[PDB]
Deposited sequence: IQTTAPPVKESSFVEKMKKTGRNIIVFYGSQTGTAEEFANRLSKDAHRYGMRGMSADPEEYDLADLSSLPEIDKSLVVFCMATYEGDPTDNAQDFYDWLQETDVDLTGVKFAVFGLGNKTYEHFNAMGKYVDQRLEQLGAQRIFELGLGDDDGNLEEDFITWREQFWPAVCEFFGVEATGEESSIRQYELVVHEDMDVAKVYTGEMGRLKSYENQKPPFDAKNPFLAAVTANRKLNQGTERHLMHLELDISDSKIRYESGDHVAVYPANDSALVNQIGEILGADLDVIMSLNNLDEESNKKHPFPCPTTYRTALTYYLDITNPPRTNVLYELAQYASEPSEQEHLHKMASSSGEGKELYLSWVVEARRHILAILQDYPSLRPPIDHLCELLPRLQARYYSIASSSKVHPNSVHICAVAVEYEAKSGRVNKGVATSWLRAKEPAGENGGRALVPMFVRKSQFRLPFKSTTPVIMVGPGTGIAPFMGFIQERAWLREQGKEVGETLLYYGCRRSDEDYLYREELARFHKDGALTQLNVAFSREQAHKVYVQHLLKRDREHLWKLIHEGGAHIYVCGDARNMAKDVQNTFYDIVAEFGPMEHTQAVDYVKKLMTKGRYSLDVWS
């Protein structure tokens, strides 16, 4: 129950703002777009502000007309067909309210992903809803797809948005501007310098519950072992101690962690910029009105920002490269960086393959464009924030109330940029050894859950790391039997490359099968023969029986793992199963399946 800020309209009035951009974001993408749109306002004679809708009462939109040439934009991302956490209040309000928004001008840009059933659902709603309430759309709804390239969809929409804005309000197209000012600190107590904590100063040292995204709990790594047998890759199992954290969790929930960048990568960035990473400083908002005093916990050292608060590995967005251009002394290199923001032509094509496709991180760009030597402080201002990574808890709270398990594949690949890229969180996690190695973390509740009725059949499909949440399920179902409860069939459809290469939890799964915790352990080994053998091939094999459990046993279906292809193929296989046994046409099988998803009997936990 957050305490709302006062009317945003009155703040707009007091600060001569005429445009406000709200962001529905969870990973900071929509939040970046909002700030870019808000900043853009200046280049058109207007002045805007960015804002988290959760901190305000959107009912005040009805007051927006009181401002001449006022306008509100919504950059909303979608999550499982739902609004982001910070946009829930707004969502619920849009449904219940009946307020008249006559005179209100708006525009919406949604951040979606096409390979989802509910693509840009939130943006579609906000856009349609504001109009029903009586507001008037000032520019078409933007439909951004992260499946293709979201950054590009945004550029295209944006490039057309402002001209429309200008034409309607009749404003002219009226300049590198810093958002913060640098303040070095030659001397000051070490007790007031942030060293990586995410919120309250010294919150990592002095831990006080409850713990969450703002006040993560530093859990000790009690176990970290290699799960796979072979050496092709590195899959690992970690156990985090959460005793005395008061944290509650259930199988199906996710555990997030705040990682630390590679120190060598941090040191190189400083070295190539001739900067002293150990300088203590702060970046204070040049706009004293905003509640955002700094871009990250300050005061702090550059080293610390680059290590715990900044994203130095994902490809830089076009606006960041656009601003850096000024710092490239070699003409041709300044030109390339400047054109990265293009909505077409060689500039766009160059950005797409040389930066995105090749996965060049900031350091790589600084090395391939040697004339580019920006001042460290302005760089830290442009870089996006370092995000937490989520992992499907691999343990059951019934069996391990004080411990959270993680099952992850360490990311490390050859990038077309020529260098080897390392995953921020997994590299960091992998290096944690039980001593007091700690991991900042918090739990996030999910809807991925075992059936309430212990007798309800369970069908789990989780190839590769998709097995994670299922180890928790199996433990819990095994615990239920020990507890004298009556458990229905528990079926696992797992998959890996080779039984002697990356068969995760081989020994543990064998045990559960032996004791009957698992009614069936169906494993598809994709590479032990010439043709591929996948989990869906096993589902098809056991189609008759699966149908029986589904249509007559009320079994719950669970799919975890890769969302690009595996989840879809598994889904298609279930369509064919229903269609054959119902029986019914494909179209009716798709409806039947989707229904199971709404009635909570077909759940997902996939990612990319």
Go through the deposited sequence from residue 1 and tell me which stretches lack C-alpha coordinates, in order. 1-5, 180-182, 444-448
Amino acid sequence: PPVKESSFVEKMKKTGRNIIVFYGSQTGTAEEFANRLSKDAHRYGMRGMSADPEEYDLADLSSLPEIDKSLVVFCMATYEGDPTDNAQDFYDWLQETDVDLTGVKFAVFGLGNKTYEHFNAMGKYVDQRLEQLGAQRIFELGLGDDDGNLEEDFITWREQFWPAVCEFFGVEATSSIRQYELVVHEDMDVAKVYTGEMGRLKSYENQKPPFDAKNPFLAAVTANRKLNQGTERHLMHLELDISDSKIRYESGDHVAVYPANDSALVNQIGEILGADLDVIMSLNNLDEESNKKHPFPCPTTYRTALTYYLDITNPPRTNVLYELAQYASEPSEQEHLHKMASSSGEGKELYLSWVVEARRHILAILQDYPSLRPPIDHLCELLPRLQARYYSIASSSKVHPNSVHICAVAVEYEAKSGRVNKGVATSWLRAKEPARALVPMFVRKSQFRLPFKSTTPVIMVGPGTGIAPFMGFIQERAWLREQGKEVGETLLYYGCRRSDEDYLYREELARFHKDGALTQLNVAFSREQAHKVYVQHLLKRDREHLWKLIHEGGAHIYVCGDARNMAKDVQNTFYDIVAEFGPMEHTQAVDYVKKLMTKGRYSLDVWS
From here on, numbers count along this sequence of modelled residues.
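Rigid core: the largest C-alpha set superposing within 1.5 Å between the two forms.
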Of the two stretches 125-133 and 244-252, CA positions deviate more in 5 other deposited structures of this protein after rigid core alignment for 125-133
Superpose by the rigid core: which stretch, 97-105 or 219-227, shows more Cα shift in 5 other deposited structures of this protein? 97-105
In a third or more of the other entries compared, is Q268 missing its coordinates? no
Does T174 have no coordinates in at least a third of the other PDB entries examined? yes
Stretch with the greater mean C-alpha B-factor as recorded in the entry, comparing 180-188 against 103-111: 180-188
Higher of the two mean Cα B-factors (92-100, 220-228; per PDB record) comes from 92-100
Selection by C-alpha B-factor (highest) of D502, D146, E508, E357: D146
Sort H237, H254, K202, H361 by C-alpha B-factor from the entry and give me just the highest. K202
Going by the CA temperature factor in the PDB record, which third of the chain does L546 belong to: lowest, middle or highest? middle
Lowest, middle or highest third: where is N565 by Cα B-factor in its chain? middle
Split the chain's modelled residues into thirds by Cα B-factor; is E580 in the lowest, middle or highest one? highest
Sorting the chain's CA B-factors, does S282 end up in the lowest, middle or highest third? middle
Please place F168 in the lowest, middle or highest third of its chain according to the CA B-factor in the PDB entry. middle
